[PDB]
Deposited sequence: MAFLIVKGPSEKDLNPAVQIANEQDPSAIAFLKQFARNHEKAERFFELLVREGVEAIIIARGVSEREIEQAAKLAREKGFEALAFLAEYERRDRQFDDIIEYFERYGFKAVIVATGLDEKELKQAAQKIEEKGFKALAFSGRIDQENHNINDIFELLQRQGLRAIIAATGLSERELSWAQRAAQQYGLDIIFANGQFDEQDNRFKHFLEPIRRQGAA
């Protein structure tokens, strides 16, 4: 899976993954999230939501029809999940290369932190932590390396 749910070089960039590129660009602009949650897929999420809410962050969620109740229950501006059964969702009322640069796009619209949720593989945690470093974002999770991204701001 790899689709979003809501409810300029930026254009040349988004295009790579052209009319819905501009649409799912206005996504990132309108709300302008302050936080992205990264999870596996449900107690993990309730935490992260109010952990993020602890800093009053309006947030997006990323993970790999429960997905529709996350909106009421958590207040997300958007969810990104990772065939083609998206049509079911659209009805119900919900709409070489460096893919990591999307972080820079979100940052310019106001992204401030990543929040890593429980159960992420080590692979995923270091990837989220590399991104916090390289895009100057905060990342929120036993010791020193909880704040690695601040201790070693240049990678």
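Which bits of the deposited sequence have no atoms placed for their C-alpha?
Holes in the chain trace, numbered from 1: 1, 9-25, 36-38, 63-64, 88-96, 115-122, 136-146, 193-198, 213-217.
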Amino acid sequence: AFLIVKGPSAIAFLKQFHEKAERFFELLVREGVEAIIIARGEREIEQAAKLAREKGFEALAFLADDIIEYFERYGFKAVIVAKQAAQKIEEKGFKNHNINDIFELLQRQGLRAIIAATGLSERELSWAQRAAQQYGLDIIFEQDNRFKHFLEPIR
From here on, numbers count along this sequence of modelled residues.
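If you average the CA temperature factors as listed in the entry, which stretch comes out higher, 27-35 or 125-133?
Per the PDB record, 27-35.
Out of 97-105 and 55-63, which stretch has the higher average CA B-factor listed in the record?
It is 55-63.
For the chain shown, is the CA B-factor of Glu142 in the lowest, middle or highest third of its modelled residues?
Middle third, going by the recorded CA B-factors of the chain.
By the record's CA B-factor, is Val5 among the lowest, middle or highest third of residues in the chain?
According to the entry, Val5 has a C-alpha B-factor in the chain's middle third.
Pull the Cα B-factor of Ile89 out of the PDB entry and bin it into the chain's lowest, middle or highest third.
CA B-factor rank for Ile89: highest third.
Please place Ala49 in the lowest, middle or highest third of its chain by C-alpha B factor as given in the entry.
According to the entry, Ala49 has a C-alpha B-factor in the chain's middle third.
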